[PDB]
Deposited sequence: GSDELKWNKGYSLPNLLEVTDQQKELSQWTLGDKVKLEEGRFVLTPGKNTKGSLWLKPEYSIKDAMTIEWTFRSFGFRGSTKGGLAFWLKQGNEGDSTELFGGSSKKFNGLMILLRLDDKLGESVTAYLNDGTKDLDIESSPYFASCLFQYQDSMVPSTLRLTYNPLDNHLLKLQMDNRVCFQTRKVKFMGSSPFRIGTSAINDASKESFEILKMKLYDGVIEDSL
């Protein structure tokens, strides 16, 4: 019924000791906690990431909820915000939305201005044996979704139940974006988010993150 504190962000507003309360998280590149939320991309042409340090081992089912926003810029850009669920064998690199090597094993859910859909969520699967090329390489699922330049946060909710033959549901603001059974590897995996902006200074921000050891 309750969230796994070990694989969640603490209440960020209530954070008094950054070191202790975030000890399970790796802050990558330019990410900074400012006035109750993480700003992934606080400056012009910056990147930033939040990754859970411990790998997660699903028991029966799992729910991840990220609360995020993009503030300060509406217009054309190559920048975007990614949410990750990826198997091990690291070797760092941030070429893919401040978060990964073009070559990876797992799921990348991207909020960006897609050249053809516009503002959207697009979901990508890679198996570790290829270079994901955002233009060529296909997404397996998507929805149109307005995120640019809003103070009002959005919630991405990923539910996954291996016991229901790997049903994965992605909701945005409690509205279904997609459901699928094509994502199956979830063995332990790493959970995180990353973003990159450009000179227009889009501010990609994380306000909350909870993992639950079940479907809600």
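* Asked: What stretches of this chain's deposited sequence are missing C-alpha coordinates?
  -> Those parts of the chain that were deposited but carry no coordinates are 1-4, 191-192, 223-226.
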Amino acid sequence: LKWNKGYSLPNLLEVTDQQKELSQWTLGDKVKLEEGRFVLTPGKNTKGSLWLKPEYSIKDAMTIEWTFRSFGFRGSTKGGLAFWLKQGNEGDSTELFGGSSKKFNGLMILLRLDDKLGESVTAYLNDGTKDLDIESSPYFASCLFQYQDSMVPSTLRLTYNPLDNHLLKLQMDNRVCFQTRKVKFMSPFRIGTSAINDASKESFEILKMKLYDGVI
From here on, numbers count along this sequence of modelled residues.
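* Asked: Looking at the deposited entry, does 57-65 or 34-42 carry the larger mean Cα B-factor?
  -> The stretch with the larger average C-alpha B-factor is 57-65.
* Which is higher on average in the deposited entry, the C-alpha temperature factors of 87-95 or of 134-142? -> Looking at the recorded C-alpha B-factors, 87-95 comes out higher on average.
* Out of 48, 153, 162, 188, residue topping the C-alpha B-factor column of the entry -> Largest recorded C-alpha B-factor: 188.
* Reading the B-factor column of the entry, which of 199, 206, 196, 15 has the highest value at its C-alpha atom? -> Going by the entry's C-alpha B-factors, 15 comes out highest.
* To do: Would you please rank residue 128 by its C-alpha temperature factor against the other modelled residues of its chain and give the third it falls in: lowest, middle or highest?
  => Ranked within chain, residue 128 CA B lands in the highest tercile.
* To do: Determine, from the deposited record, the chain-internal third of the Cα B-factor for residue 169: lowest, middle or highest.
  => Lowest third - that is where residue 169 ends up once the chain's C-alpha B-factors are sorted.
* To do: Rank-wise, by C-alpha B-factor, drop residue 101 into the lowest, middle or highest third of its chain.
  => Highest third - that is where residue 101 ends up once the chain's C-alpha B-factors are sorted.
* To do: Sorting the chain's modelled residues by C-alpha B-factor, tell me whether residue 177 ends up in the lowest, middle or highest third.
  => It belongs to the lowest third of the chain when residues are ordered by C-alpha B-factor.
* To do: Could you say whether, by C-alpha temperature factor, residue 158 belongs to the lowest, middle or highest third of its chain?
  => Lowest third.
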